[PDB]
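One line per chain: the protein sequences are B and B', in this order. A prime marks a further copy of an entry chain.
Residue 52 is where the first sequence starts when you use the entry's author numbering, and the numbers rise one by one after that.
Residue 1 is where the second sequence starts when you use the entry's author numbering, and the numbers rise one by one after that.
Comments concern the structure below.
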Amino acid sequence: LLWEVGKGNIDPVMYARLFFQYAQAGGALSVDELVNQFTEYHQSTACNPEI
Amino acid sequence: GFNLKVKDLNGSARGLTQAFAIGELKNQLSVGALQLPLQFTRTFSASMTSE
């Protein structure tokens with residue numbers, strides 16, 4: 052697909068698909084892991100509110 | 001009827017504190033990692049009297 056991002060709003064799929072593109076890309080694979088990282092990233096978002 | 005000066009309890013009624021509530025000597029009382037909304041808004045509590 053095309054998937055132009057212009058007004059991101061959930062709908063995973065696409066994203067996931069990108070994810071896969073990455074996942075596939077080997078520039079992601081433990082994509083999952085990344086989500087952890089991300090989780091953490093998020094989490095750190097959680098952690099810096101004050102920032 | 002303990003009269004108390006704002007900007008001290010950690011002395012003013014020294015150990016009558018949140019710090020105390022930790023025990024917490026006279027360190028912390030701070031901000032702000034993470035943060036985390038909960039307002040469990042009910043309690044289980046009682047009523048007057050037991051004599």
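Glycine included, C-beta positions come from ideal geometry on N, C-alpha and C.
Where DSSP assigns a beta bridge to residue i, which residues make up the other side?
i        : result
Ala79(B) : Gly77(B)
Counting contacts by CB-CB distance shorter than 8 angstroms, is residue i in contact with chain B?
i         : result
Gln39(B') : no
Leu34(B') : yes
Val6(B')  : no
Applying the 10 Å Cβ sphere with the 16-neighbour rule, what's the burial state of residue i?
i         : result
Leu25(B') : exposed
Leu29(B') : exposed
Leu9(B')  : buried
Using a Cβ-Cβ cut-off of 8 angstroms, state whether residue i counts as contacting chain B'.
i        : result
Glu91(B) : no
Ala79(B) : no
In angstroms with no decimal places, state the Cα-to-Cα distance between residue i and residue j.
i         : j         : result
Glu91(B)  : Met65(B)  : 22 angstroms
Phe44(B') : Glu51(B') : 20 angstroms
Could you work out which residue in the options is closest to residue i when comparing CA atoms only?
i         : options                                : result
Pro37(B') : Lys58(B), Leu53(B), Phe89(B), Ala97(B) : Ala97(B)
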